[PDB]
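Trainee: Structure in structure tokens, see below.
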Amino acid sequence: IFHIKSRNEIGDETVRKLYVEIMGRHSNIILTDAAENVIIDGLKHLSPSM
RNA sequence: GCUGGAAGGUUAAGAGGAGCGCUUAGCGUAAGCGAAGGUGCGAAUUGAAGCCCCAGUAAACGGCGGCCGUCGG
């Protein structure tokens, strides 16, 4: 977990998670918006096409 | 389309009657001004229904889609 606060370009203290599922080969750096727990940019898919 | 509302816009004829002309006494050296009256044109303001507008209505009119992916977007 990385508790990314941000005194961002506004001044508001926008807090989120940045979960990195370190899993060797197929890991995934995931900026998880903490208050919503929503992905905002991720790496590996499973659409769930299967 | 109908039913309803319709704050508001716009909308008549009509009441209008600000003013604008012309005639012409009189004033006028001329130039012209010109009162009154007449006569003609007349704006402002007001002017409903209505349509503009907002609802509701499909056993009203009427209408009942496309593109990408592999059923979803």
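Cβ placement follows ideal geometry from the backbone for every residue including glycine, while neighbour counts extend to all protein chains displayed. Rule-based calculations on the coordinates, nothing more; no lab input.
Trainee: Could you list, in sequence order, the residues of chain A that are in a loop (DSSP other than H, G, I, E, B), β-branched (V, I, T) and surrounded by 10 or more Cβ atoms within 10 Å (Cβ to Cβ)?
Mentor: A:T14, A:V15, A:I40, listed by residue number.
Trainee: Is one or more of the residues making up the range A:2-19 within 9 Å of the chain's Cα centre (by Cα) and β-branched (V, I, T)?
Mentor: No, the range A:2-19 contains no residue that is within 9 Å of the chain's Cα centre (by Cα) and β-branched (V, I, T).
Trainee: Residue pairs, Cβ under 9 Å, 6 or more apart or interchain, first in the range A:31-50 and over 13 Å from A:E21 (Cα atoms), second surrounded by fewer than 10 Cβ atoms within 10 Å (Cβ to Cβ). List them.
Mentor: Note: pairs meeting the criteria are A:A34/A:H3.
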